[PDB]
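In what follows, a single structure is set out as structure tokens and then discussed.
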Amino acid sequence: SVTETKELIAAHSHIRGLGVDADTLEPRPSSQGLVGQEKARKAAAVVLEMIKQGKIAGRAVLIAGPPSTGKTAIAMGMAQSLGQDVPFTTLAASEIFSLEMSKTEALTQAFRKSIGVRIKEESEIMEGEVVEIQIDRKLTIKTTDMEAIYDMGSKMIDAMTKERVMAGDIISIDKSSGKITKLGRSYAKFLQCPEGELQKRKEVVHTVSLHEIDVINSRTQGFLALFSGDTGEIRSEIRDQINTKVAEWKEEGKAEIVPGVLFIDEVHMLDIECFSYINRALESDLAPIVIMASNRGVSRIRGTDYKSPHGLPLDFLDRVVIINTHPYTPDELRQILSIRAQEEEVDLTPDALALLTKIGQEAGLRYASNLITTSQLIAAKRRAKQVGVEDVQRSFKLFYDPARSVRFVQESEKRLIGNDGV
Amino acid sequence: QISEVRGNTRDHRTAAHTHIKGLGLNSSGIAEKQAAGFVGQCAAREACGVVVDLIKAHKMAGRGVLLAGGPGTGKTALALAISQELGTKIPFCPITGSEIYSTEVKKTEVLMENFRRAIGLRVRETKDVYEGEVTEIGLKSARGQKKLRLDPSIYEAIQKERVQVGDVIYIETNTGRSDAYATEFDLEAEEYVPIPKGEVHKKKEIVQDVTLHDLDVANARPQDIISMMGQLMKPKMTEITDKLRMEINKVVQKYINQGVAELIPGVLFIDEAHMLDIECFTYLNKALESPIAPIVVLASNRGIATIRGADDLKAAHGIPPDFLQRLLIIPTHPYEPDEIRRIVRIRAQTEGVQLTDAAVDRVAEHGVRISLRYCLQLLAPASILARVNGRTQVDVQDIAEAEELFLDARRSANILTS
Amino acid sequence: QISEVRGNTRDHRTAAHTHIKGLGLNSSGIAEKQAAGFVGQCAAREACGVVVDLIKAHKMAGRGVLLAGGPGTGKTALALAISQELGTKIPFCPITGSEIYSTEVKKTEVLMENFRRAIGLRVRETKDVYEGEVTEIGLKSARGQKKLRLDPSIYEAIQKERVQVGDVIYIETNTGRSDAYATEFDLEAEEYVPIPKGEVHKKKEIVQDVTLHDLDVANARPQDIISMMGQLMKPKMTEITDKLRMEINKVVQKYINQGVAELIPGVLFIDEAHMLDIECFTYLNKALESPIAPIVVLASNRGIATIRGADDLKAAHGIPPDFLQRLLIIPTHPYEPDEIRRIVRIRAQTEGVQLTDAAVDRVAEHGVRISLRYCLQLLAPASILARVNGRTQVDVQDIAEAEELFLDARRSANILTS
Amino acid sequence: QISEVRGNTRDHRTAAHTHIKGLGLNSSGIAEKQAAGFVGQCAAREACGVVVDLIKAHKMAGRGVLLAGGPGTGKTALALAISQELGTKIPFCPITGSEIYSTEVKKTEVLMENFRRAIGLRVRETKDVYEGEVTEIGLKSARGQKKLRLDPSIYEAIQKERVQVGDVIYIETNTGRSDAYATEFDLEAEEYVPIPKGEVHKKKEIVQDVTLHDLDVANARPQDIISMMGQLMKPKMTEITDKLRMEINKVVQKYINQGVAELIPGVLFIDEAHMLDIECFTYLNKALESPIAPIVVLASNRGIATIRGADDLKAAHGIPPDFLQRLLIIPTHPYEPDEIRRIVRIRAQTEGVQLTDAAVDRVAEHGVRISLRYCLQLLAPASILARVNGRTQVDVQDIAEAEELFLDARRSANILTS
Ligand SMILES: Nc1ncnc2c1ncn2[C@@H]1O[C@H](COP(=O)(O)OP(=O)(O)O)[C@@H](O)[C@H]1O
Ligand SMILES: Nc1ncnc2c1ncn2[C@@H]1O[C@H](COP(=O)(O)OP(=O)(O)O)[C@@H](O)[C@H]1O
Ligand SMILES: Nc1ncnc2c1ncn2[C@@H]1O[C@H](COP(=O)(O)OP(=O)(O)O)[C@@H](O)[C@H]1O
Ligand SMILES: Nc1ncnc2c1ncn2[C@@H]1O[C@H](COP(=O)(O)OP(=O)(O)O)[C@@H](O)[C@H]1O
């Protein structure tokens, strides 16, 4: 089989939008459900309104702010504001540099992941009520007429578990693309169990990114592809073929091009040539929305001997829309951490949550999130009924954060005891 | 190769200069403040007028223009106006020095491409030709037939070509069996070709203006993908070759020889000139000697910069002496608050968003504080925010919220530092 | 390609950790001081226990481990213990960041090789097959004959293959003329193949544990030279190819599909992580997403180091932020004199050299002064010097003379400065 | 290569023997006058019966039959009857010695072709197979679905093939992604193949009888032109090759090995045997030794003729001694007027034209005077001439006018001599 566009790593399983009033474009806190950052979220919504029949004329969006802030979360929110079945690809800037492929190639794949081709074709979709789901190191679904048990690999399990599907859910599964859609519920949206045949052939909409189309029409990457000498670049012939056929489809009217969102984190890692590529791409009508994130105030423009804010060329800076994010108040931190905790299946004691909030204040959100699971395991080894403050403290004394880490390593050569020493 | 071609211009780069229609100079070459889209900046405009008058008199002997000034000034707009004053449909190719740094493309090849974008071709040819299947000498089309009265001269010029009744033919005024007789038993290879349809006469006037690059991309296909998905089709643009460009040039010179078309060298504008290295300036120096080369207009917002490709050889605007010699430097000044208000008013009336005078003031103060570009950016978000309330008229509160929702570079950087 | 292969492990790198048998943690995951080879360092051990428990629960979602500490601490031993706690015969590939800097080999290819060394394959297959020359259906070997009672099913499955009396055959339980009739006048090409010798029955249990790299080097020959004289055979190791590794992977997945073998991702330990550049961390980042990838354990003795491949971008332990994000940092502490005495006693009892308690003290003071590694090195020379006197029991004088005959790095350097 | 093939038989050569259904012999092998289409000629028929009985008893050890007699006798009909008595659908290939003299084809290759036409293949195979897309183990077709109850044996035989839910499969009783999941983005090469349509079950009985030559011409195309316009398509028949025939033979023996088909050697009849030369008889001699060769029946109307390929070596019927040795010579007699009347009556009742007894007499006298063949030819023209008058019943006057409008060979020749 093949694969549809979503396929949207995803450690932010709590974002359906910007938490913003449809008309007022006004950010309501903790809705959809991303917390705080109302200014930056509203700014994002305005940018998106400036994209729909926009006066923006192909500009990039720069989100800058301190680390452990929802700039990435906001990026995904913007991705969701365009609706599902819309290509969204994330990418750390430093990923552009590797031996596996060239900068041009990596950028090309990254951009072609953000542009989807949407057609109307027939497919064998399933629709039914989920009976059972299992785990390993198999899905049981029935209708009012029949019951069946299917097998599935890592991709399918990931896709279903991402859609928050459990026992009792009425869902739909495309056997061609693997696109799972939760229709509703039969008990504690209340739908009734579908009738007739479980597997029906319907004429559905299929969106598939250009890169995915390239991969499908290429030699399928062998098992243990990462650990073999086999690279990852795509032959120019295949690309030309795909581009030509897509062009013919667009001329005919069979396919419709749907631009998406490309998100480049720590964009300050990119050099001049990369920004040349990105700028040249933004001129094509098929170009997706390019959102970049930055943790640095002022950085060196890589490739040259000049410095600039966030490490962007001045020319590029004059053409971007900047959205700024801010540190979180303790409440927002506690809320975010709790949301992140209930999705990691970790039952926390209020004191443990508060302590984790303080840890989040002093070290950052990512570190606290990292401490959640470790705390869960420490509580598990304890046969603890719940993850108390003791477990969090223990994991905190066991797994250090970067600051305490470099401090501890530097402690091998102390600087004072009675007086400063150097 | 094809004659009539289409041309996709990068209009993303001129979107902020749609109001600029010219330089607004009098008959005596004196700049009129607030005229032809320009507001103030009379000195630079007058200088540009002198430049245009120099080019028109062929006195611009292998020289270029250098626009030195701050980010708030209007160098690009001046270059555009220069292109506009050099005539009608005059090629204008604006780039930045940061664009030549391509991943898998050498700098001077990017420069070469943009030079092709800066050299235009004007085609004005009244082509008259009577085509069809011969029946006598007369001709027939799909629907229509004519009887031409030929002099013995044209008939003795017909004696040369493979002409007989009744084949499909062509006739040049100012300077092959038909399909109707094709049997099913013939197949291919065949000498049968369709009868000219559906006009017995064909007198058209070819009028077009296309750059060399347009001809390059037009003959880069055997659907228009390069214009559809330019950079996104494949890593390396392996379609535009040397043989292609040389064939194109050969064809062009052939068109010129017949007095059919006239190539017109436009304006090549290069921002961030300090970003170019010595080799690029060698190429440009080679270009300045060419009589059929576009006028080169560099720009810079740096006083003294290190010459790239040289051992920390600091110099004026990052320009080598050997090339700076051939440049007429034109200074561009910052703007008084009133000029900024005027410019903002012209922009918002072009976008076009309706805003109060107080909103114009609030934008203008950002035009003074931060660069003009940022305050000019503030327009659309404020319009959206206002339309959200359904105000349909942008007010001070809107510009305020917009300026708080979208900071500039320096504000963002220094706030992030804390 | 061959199934059963041998595997040469670089035991030169684990020679100083032969005493390490595990982490020595209780049922409640609490580290026992002086247990399972480890002495003290309870915090780091408990943390490693949490890591192991995390991997066993598949909660280690694309994350790695970072061991930060001084040269005296035991990061390598901790990684080894981690590999030991993850099960039995679990792959462990220890390297340093300085190893990826090969002369004629790209860094990520060295990384790829070591990743192959860090991904194991457990084969447990009870293979039962009765072979021989058909005589009825019965079979015959060199010495021995049997008469099998076949059901019509197997006989209808025999109808498919080229089976007749009497050819040489094979039989799968759970899931070709013979040599005896070969004449001298036949030569080659021939269909004659030797009779299975010398057992009429062949029921063996295949039990093995080999890395992907073992399979790579096993299929790199058409004598085992690569294992004999690895680097010394030729400048460039041109035997292990891409096609080879892909064929190997294909074969492996084929073995897995039949439920015959199970690949087990081991532990890839990388010392001097600050020595890696951005591209290497890109590769590692790509590896962390792989479900069938070995757990990655970096190590460092540097607080802040410049990120290689970045413009003097100093950072924690020379690790990029994007990759440091996915790491659980575990601190390793220096040792009290008593812990050092204990460790030295464990080592000398493993080497194993007999020494006085005072000698242990004299070594331990060097364990405090200079790194633990140097004092641990002092053992063998002192043993030799003592055995020279035929003392057979190492004393303080021996360790003294040994410490005076073989200085450490800093002593040598600073003495040489004078 | 294809299994089921069509077979175009040269029925132009048996058109005058449609009435011959057998030999008309009793249980004791005695010929019945006027029976099974034959009239008289009891001796030759009884002899042919002995021949058939000899072939059926495998006593015909590398021997053939020689029919010696005049043009009026019925050698061809006897050969046909021999083929008919050898069983049902038994191959019969009648030729003349004059046919091997081809322009651009060697004689023994024509002989080889006709030998292929004389060796048949009987296929009787009850093939049962349940096909479709897997859904459980069950299957689905275009319209129809079934649920088969598989034993663990067949399921362990399924473990071998590339079977998974839900691919398209095949099942052998006595002894691959589906199209429904194919996306538009896949194109080719693909693993998608259409679902078996439109029957979930497929149990058919293959019943056919085709010569080797039929298989040859069936696999000579990559439309059936060779059967459409055989000689008229191109000078040299360059479609039937050696590799083709060897592949065909390989396939045939493969079919035989499975007990699916049985090849049946038919009857190769060769008229004008004296026309063959020594090399042809060498080939035939080589053929007589083959156990799977058709019975060879030569014929001749010449007493003594020169052996072609020999120095005027006159011999019996133009047959070499070495080959005449292996032949059982059967004499065929001329016919009495009454037998001729009977034969004519049988023919005219088969054509079938209605004629008076007096007309039969008038034809019979021509049957005595000239050969039987000529008088038998006289039927149709007389029928046409009568139908012209609309008599619808052929009379003596009609046969008279027909015999005067269409003379025989000798009459024409001797009249032309004058
Ligand atoms: N405003 C917010 N609302 C909801 N979740 C948030 C918010 N800010 C951060 N998070 C969550 O907390 C974590 C912070 O990580 P992230 O936003 O990706 O950091 P950064 O963007 O600075 O690299 C993520 O899991 C993210 O989903
Ligand atoms: N005197 C002027 N008249 C009209 N528009 C102007 C003037 N000065 C600046 N502008 C406008 O302000 C901006 C100036 O920036 P730009 O022309 O791109 O070049 P630069 O910043 O390098 O001088 C443009 O949008 C331009 O249209
Ligand atoms: N707690 C410990 N228990 C046992 N052996 C230890 C301990 N700490 C250190 N060692 C030993 O001392 C040496 C420490 O160095 P090594 O393990 O190679 O890594 P590193 O110096 O990078 O931390 C090894 O020989 C190790 O066996
Ligand atoms: N005894 C017979 N019974 C039936 N038909 C006969 C008999 N004798 C001759 N014929 C017919 O007369 C013709 C004899 O000629 P033919 O069989 O072709 O061979 P030939 O002339 O070489 O003996 C055929 O049409 C055959 O059917």
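We name chains A, B, ... following the order of the structure tokens; residues begin at 1 in each chain, and ligands are numbered from 1 as shown.
Using only C-alpha atoms and all ligand atoms, residues with at least one atom at most 6 Å away from any atom of ligand 4 are residues 16, 17, 37, 38, 39, 40, 41, 71, 72, 73, 74, 75, 76, 77 and 373 of chain D.
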Extract the full set of helix (DSSP H, G or I) residues from range 48-205 of chain D according to DSSP on the backbone, and format it as a VMD selection string. chain D and resid 48 to 56 75 to 85 97 to 99 107 to 118 152 to 158 179 to 181
Would you give me, as a PDB file with N, CA, C and O atoms, in the first residue's frame, the residues of chain C that come within 12 Å of chain D, using only C-alpha atoms?
ATOM      1  N   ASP C 151       3.588 -40.273   4.838  1.00  0.00           N
ATOM      2  CA  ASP C 151       2.172 -40.090   4.562  1.00  0.00           C
ATOM      3  C   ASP C 151       2.007 -39.613   3.122  1.00  0.00           C
ATOM      4  O   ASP C 151       2.934 -39.028   2.559  1.00  0.00           O
ATOM      5  N   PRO C 152       0.838 -39.876   2.515  1.00  0.00           N
ATOM      6  CA  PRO C 152       0.566 -39.429   1.144  1.00  0.00           C
ATOM      7  C   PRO C 152       0.756 -37.921   0.938  1.00  0.00           C
ATOM      8  O   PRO C 152       1.033 -37.507  -0.186  1.00  0.00           O
ATOM      9  N   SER C 153       0.620 -37.125   1.997  1.00  0.00           N
ATOM     10  CA  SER C 153       0.785 -35.673   1.900  1.00  0.00           C
ATOM     11  C   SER C 153       2.208 -35.287   1.504  1.00  0.00           C
ATOM     12  O   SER C 153       2.421 -34.588   0.509  1.00  0.00           O
ATOM     13  N   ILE C 154       3.178 -35.741   2.293  1.00  0.00           N
ATOM     14  CA  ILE C 154       4.582 -35.477   2.006  1.00  0.00           C
ATOM     15  C   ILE C 154       4.967 -36.050   0.646  1.00  0.00           C
ATOM     16  O   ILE C 154       5.783 -35.472  -0.066  1.00  0.00           O
ATOM     17  N   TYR C 155       4.357 -37.174   0.278  1.00  0.00           N
ATOM     18  CA  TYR C 155       4.638 -37.813  -1.006  1.00  0.00           C
ATOM     19  C   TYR C 155       4.075 -37.012  -2.182  1.00  0.00           C
ATOM     20  O   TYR C 155       4.622 -37.052  -3.284  1.00  0.00           O
ATOM     21  N   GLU C 156       2.979 -36.295  -1.943  1.00  0.00           N
ATOM     22  CA  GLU C 156       2.409 -35.410  -2.957  1.00  0.00           C
ATOM     23  C   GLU C 156       3.172 -34.087  -2.979  1.00  0.00           C
ATOM     24  O   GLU C 156       3.114 -33.342  -3.960  1.00  0.00           O
ATOM     25  N   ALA C 157       3.886 -33.800  -1.893  1.00  0.00           N
ATOM     26  CA  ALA C 157       4.777 -32.643  -1.845  1.00  0.00           C
ATOM     27  C   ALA C 157       6.138 -33.003  -2.435  1.00  0.00           C
ATOM     28  O   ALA C 157       6.964 -32.132  -2.706  1.00  0.00           O
ATOM     29  N   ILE C 158       6.356 -34.300  -2.623  1.00  0.00           N
ATOM     30  CA  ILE C 158       7.575 -34.825  -3.226  1.00  0.00           C
ATOM     31  C   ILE C 158       7.390 -34.872  -4.740  1.00  0.00           C
ATOM     32  O   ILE C 158       8.341 -34.707  -5.507  1.00  0.00           O
ATOM     33  N   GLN C 159       6.140 -35.062  -5.154  1.00  0.00           N
ATOM     34  CA  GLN C 159       5.757 -35.058  -6.565  1.00  0.00           C
ATOM     35  C   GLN C 159       6.197 -33.773  -7.271  1.00  0.00           C
ATOM     36  O   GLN C 159       6.402 -33.759  -8.486  1.00  0.00           O
ATOM     37  N   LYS C 160       6.351 -32.700  -6.500  1.00  0.00           N
ATOM     38  CA  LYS C 160       6.735 -31.401  -7.042  1.00  0.00           C
ATOM     39  C   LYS C 160       8.225 -31.326  -7.376  1.00  0.00           C
ATOM     40  O   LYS C 160       8.603 -30.911  -8.472  1.00  0.00           O
ATOM     41  N   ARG C 162      12.276 -32.562  -8.009  1.00  0.00           N
ATOM     42  CA  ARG C 162      12.908 -33.521  -8.910  1.00  0.00           C
ATOM     43  C   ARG C 162      13.371 -34.758  -8.146  1.00  0.00           C
ATOM     44  O   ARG C 162      14.572 -34.994  -8.003  1.00  0.00           O
ATOM     45  N   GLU C 172      12.254 -31.064   5.076  1.00  0.00           N
ATOM     46  CA  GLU C 172      11.926 -30.129   6.148  1.00  0.00           C
ATOM     47  C   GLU C 172      10.786 -30.659   7.008  1.00  0.00           C
ATOM     48  O   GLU C 172       9.704 -30.962   6.505  1.00  0.00           O
ATOM     49  N   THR C 173      11.035 -30.759   8.309  1.00  0.00           N
ATOM     50  CA  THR C 173      10.072 -31.344   9.238  1.00  0.00           C
ATOM     51  C   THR C 173       9.082 -30.321   9.789  1.00  0.00           C
ATOM     52  O   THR C 173       7.887 -30.386   9.500  1.00  0.00           O
ATOM     53  N   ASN C 174       9.583 -29.382  10.587  1.00  0.00           N
ATOM     54  CA  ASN C 174       8.736 -28.387  11.239  1.00  0.00           C
ATOM     55  C   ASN C 174       7.983 -27.506  10.247  1.00  0.00           C
ATOM     56  O   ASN C 174       6.874 -27.047  10.528  1.00  0.00           O
ATOM     57  N   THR C 175       8.591 -27.272   9.088  1.00  0.00           N
ATOM     58  CA  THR C 175       7.970 -26.463   8.045  1.00  0.00           C
ATOM     59  C   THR C 175       7.669 -27.291   6.801  1.00  0.00           C
ATOM     60  O   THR C 175       8.360 -28.267   6.509  1.00  0.00           O
ATOM     61  N   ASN C 257      11.463 -13.169   9.156  1.00  0.00           N
ATOM     62  CA  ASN C 257      10.119 -13.462   8.666  1.00  0.00           C
ATOM     63  C   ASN C 257       9.679 -14.894   8.959  1.00  0.00           C
ATOM     64  O   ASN C 257       8.498 -15.152   9.196  1.00  0.00           O
ATOM     65  N   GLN C 258      10.633 -15.820   8.942  1.00  0.00           N
ATOM     66  CA  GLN C 258      10.339 -17.225   9.191  1.00  0.00           C
ATOM     67  C   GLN C 258      10.285 -17.532  10.685  1.00  0.00           C
ATOM     68  O   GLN C 258      10.047 -18.672  11.083  1.00  0.00           O
ATOM     69  N   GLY C 259      10.506 -16.510  11.507  1.00  0.00           N
ATOM     70  CA  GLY C 259      10.491 -16.675  12.950  1.00  0.00           C
ATOM     71  C   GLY C 259      11.675 -17.486  13.438  1.00  0.00           C
ATOM     72  O   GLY C 259      11.630 -18.088  14.512  1.00  0.00           O
TER      73      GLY C 259
END
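If you take only C-alpha atoms and a cut-off of 8 Å, the residues of chain D that reach chain A are residues 180, 181, 182, 183, 184, 185, 186, 187 and 188 of chain D.
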Could you pull the residues within 10 Å of range 47-53 of chain D, counting only C-alpha atoms, minus those fewer than 6 positions along the same chain, as a PyMOL selection string? chain D and resi 23-26+29-31+59-60+64-65+67+78-79+81-87+295+328-331
Residues from the last selection, N, CA and C atoms, saved as a JSON list (two decimals), in the first residue's frame:
[["chain", "number", "residue", "atom", "x", "y", "z"],
["D", 23, "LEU", "N", -13.34, -49.20, -42.24],
["D", 23, "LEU", "CA", -12.97, -50.26, -43.17],
["D", 23, "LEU", "C", -14.12, -51.22, -43.41],
["D", 24, "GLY", "N", -15.07, -51.26, -42.48],
["D", 24, "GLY", "CA", -16.22, -52.13, -42.60],
["D", 24, "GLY", "C", -15.86, -53.60, -42.51],
["D", 25, "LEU", "N", -15.08, -53.95, -41.49],
["D", 25, "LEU", "CA", -14.67, -55.33, -41.27],
["D", 25, "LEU", "C", -15.48, -55.97, -40.14],
["D", 26, "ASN", "N", -15.68, -57.28, -40.23],
["D", 26, "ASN", "CA", -16.42, -58.01, -39.21],
["D", 26, "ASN", "C", -15.55, -58.27, -37.98],
["D", 29, "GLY", "N", -12.45, -60.04, -38.81],
["D", 29, "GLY", "CA", -11.57, -59.31, -39.69],
["D", 29, "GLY", "C", -11.78, -59.60, -41.17],
["D", 30, "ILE", "N", -13.03, -59.84, -41.54],
["D", 30, "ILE", "CA", -13.37, -60.09, -42.94],
["D", 30, "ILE", "C", -14.15, -58.91, -43.51],
["D", 31, "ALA", "N", -13.70, -58.40, -44.66],
["D", 31, "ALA", "CA", -14.28, -57.20, -45.25],
["D", 31, "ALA", "C", -15.69, -57.44, -45.79],
["D", 59, "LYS", "N", 3.29, -55.12, -32.74],
["D", 59, "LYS", "CA", 4.04, -56.07, -33.55],
["D", 59, "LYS", "C", 4.57, -55.40, -34.81],
["D", 60, "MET", "N", 4.03, -54.22, -35.12],
["D", 60, "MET", "CA", 4.51, -53.42, -36.23],
["D", 60, "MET", "C", 5.87, -52.83, -35.87],
["D", 64, "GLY", "N", 6.44, -50.18, -42.18],
["D", 64, "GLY", "CA", 5.47, -49.29, -42.79],
["D", 64, "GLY", "C", 4.57, -50.03, -43.76],
["D", 65, "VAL", "N", 3.69, -49.29, -44.44],
["D", 65, "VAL", "CA", 2.77, -49.90, -45.39],
["D", 65, "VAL", "C", 2.99, -49.29, -46.78],
["D", 67, "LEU", "N", 1.04, -48.99, -50.45],
["D", 67, "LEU", "CA", -0.14, -49.23, -51.27],
["D", 67, "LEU", "C", 0.19, -49.11, -52.75],
["D", 78, "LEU", "N", -8.11, -45.73, -48.10],
["D", 78, "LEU", "CA", -7.65, -46.83, -47.26],
["D", 78, "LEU", "C", -6.79, -46.32, -46.11],
["D", 79, "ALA", "N", -5.91, -45.37, -46.40],
["D", 79, "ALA", "CA", -5.07, -44.77, -45.37],
["D", 79, "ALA", "C", -5.92, -44.06, -44.32],
["D", 81, "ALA", "N", -9.04, -44.71, -43.61],
["D", 81, "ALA", "CA", -9.74, -45.75, -42.86],
["D", 81, "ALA", "C", -8.81, -46.39, -41.83],
["D", 82, "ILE", "N", -7.54, -46.51, -42.18],
["D", 82, "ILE", "CA", -6.54, -47.02, -41.25],
["D", 82, "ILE", "C", -6.42, -46.10, -40.05],
["D", 83, "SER", "N", -6.37, -44.80, -40.32],
["D", 83, "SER", "CA", -6.31, -43.81, -39.25],
["D", 83, "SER", "C", -7.57, -43.89, -38.38],
["D", 84, "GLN", "N", -8.70, -44.15, -39.01],
["D", 84, "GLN", "CA", -9.98, -44.21, -38.31],
["D", 84, "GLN", "C", -10.09, -45.45, -37.43],
["D", 85, "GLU", "N", -9.48, -46.55, -37.86],
["D", 85, "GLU", "CA", -9.56, -47.81, -37.12],
["D", 85, "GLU", "C", -8.55, -47.86, -35.97],
["D", 86, "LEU", "N", -7.59, -46.94, -35.98],
["D", 86, "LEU", "CA", -6.56, -46.89, -34.94],
["D", 86, "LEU", "C", -7.08, -46.21, -33.67],
["D", 87, "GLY", "N", -8.33, -45.77, -33.70],
["D", 87, "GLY", "CA", -8.94, -45.13, -32.55],
["D", 87, "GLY", "C", -9.78, -43.92, -32.93],
["D", 295, "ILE", "N", 2.62, -44.07, -37.97],
["D", 295, "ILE", "CA", 2.77, -45.14, -38.95],
["D", 295, "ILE", "C", 2.87, -44.53, -40.35],
["D", 328, "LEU", "N", 5.14, -53.53, -45.75],
["D", 328, "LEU", "CA", 4.16, -54.54, -46.12],
["D", 328, "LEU", "C", 3.34, -54.04, -47.29],
["D", 329, "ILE", "N", 3.57, -54.62, -48.46],
["D", 329, "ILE", "CA", 2.94, -54.14, -49.69],
["D", 329, "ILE", "C", 1.51, -54.65, -49.83],
["D", 330, "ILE", "N", 0.58, -53.72, -50.01],
["D", 330, "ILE", "CA", -0.83, -54.05, -50.17],
["D", 330, "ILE", "C", -1.35, -53.59, -51.53],
["D", 331, "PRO", "N", -1.77, -54.55, -52.37],
["D", 331, "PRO", "CA", -2.27, -54.26, -53.72],
["D", 331, "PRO", "C", -3.71, -53.73, -53.72]]
Set the cut-off to 6 Å, count only C-alpha atoms and all ligand atoms, and list whatever residues fall near ligand 1 as a list in words.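 These are the residues that qualify: residues 11, 12, 34, 35, 36, 37, 67, 68, 69, 70, 71, 72, 73, 336, 365 and 366 of chain A.
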Quick one: pull the distance between CA of residue 119 in chain B and CA of residue 309 in chain B, Å, one decimal.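 Atom-to-atom, CA of residue 119 in chain B and CA of residue 309 in chain B are spaced 28.1 Å apart.
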What is the distance, in Å and to one decimal place, between CA of residue 193 in chain B and CA of residue 2 in chain B?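 Between CA of residue 193 in chain B and CA of residue 2 in chain B the gap is 19.8 Å.
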If DSSP is run on the backbone, what residues of range 6-251 of chain D are strand (DSSP E or B)? A reply as an MDAnalysis selection string would be ideal. chainID D and resid 25 31 35 38 64:69 92:96 119:130 132:134 138:140 145:147 167:169 177:178 193 201:211
Set the distance at 12 Å and use only C-alpha atoms: which residues neighbour residue 411 in chain A once local chain neighbours fewer than 4 positions away are removed? I'd like the list as a VMD selection string. (chain A and resid 404 to 407 415 to 416) or (chain C and resid 68 to 70 301 to 303 331 to 334)
Residues of chain A that approach ligand 2 to 12 Å or less, counting only C-alpha atoms and all ligand atoms: could you list each one with the shortest pair of atoms and its distance in Å to one decimal, rows by chain and increasing residue number, as CSV?
residue,atom,partner,partner_atom_place_in_ligand_line,distance
A:314,CA,ligand 2,21 (O),10.7
A:315,CA,ligand 2,22 (O),9.2
A:318,CA,ligand 2,21 (O),9.1
A:319,CA,ligand 2,18 (O),10.4
Write out the residues from the selection above, keeping N, CA and C atoms, as a PDB file, in the first residue's frame.
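File written: selection-v1.pdb
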ATOM      1  N   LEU A 314      20.100  40.174   6.045  1.00  0.00           N
ATOM      2  CA  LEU A 314      19.275  41.372   6.171  1.00  0.00           C
ATOM      3  C   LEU A 314      18.172  41.398   5.118  1.00  0.00           C
ATOM      4  N   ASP A 315      18.530  40.999   3.900  1.00  0.00           N
ATOM      5  CA  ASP A 315      17.573  40.867   2.807  1.00  0.00           C
ATOM      6  C   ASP A 315      16.415  39.951   3.193  1.00  0.00           C
ATOM      7  N   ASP A 318      14.160  41.492   5.950  1.00  0.00           N
ATOM      8  CA  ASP A 318      13.240  42.511   5.454  1.00  0.00           C
ATOM      9  C   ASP A 318      11.996  41.898   4.816  1.00  0.00           C
ATOM     10  N   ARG A 319      12.029  40.591   4.575  1.00  0.00           N
ATOM     11  CA  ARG A 319      10.931  39.923   3.887  1.00  0.00           C
ATOM     12  C   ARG A 319      10.167  38.948   4.777  1.00  0.00           C
TER      13      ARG A 319
END
List the neighbours of residue 320 in chain C out to 8 Å using only C-alpha atoms; skip same-chain residues closer than 3 positions along the sequence, and give me the result as a CSV table (one decimal) with C-alpha atoms, in the first residue's frame.
chain,number,residue,atom,x,y,z
C,278,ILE,CA,27.0,18.4,13.3
C,281,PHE,CA,24.7,14.2,15.2
C,307,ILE,CA,30.2,22.6,18.6
C,315,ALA,CA,27.6,24.5,24.2
C,316,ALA,CA,27.1,21.8,26.8
C,323,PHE,CA,20.3,16.4,19.9
C,324,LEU,CA,21.0,17.2,23.5
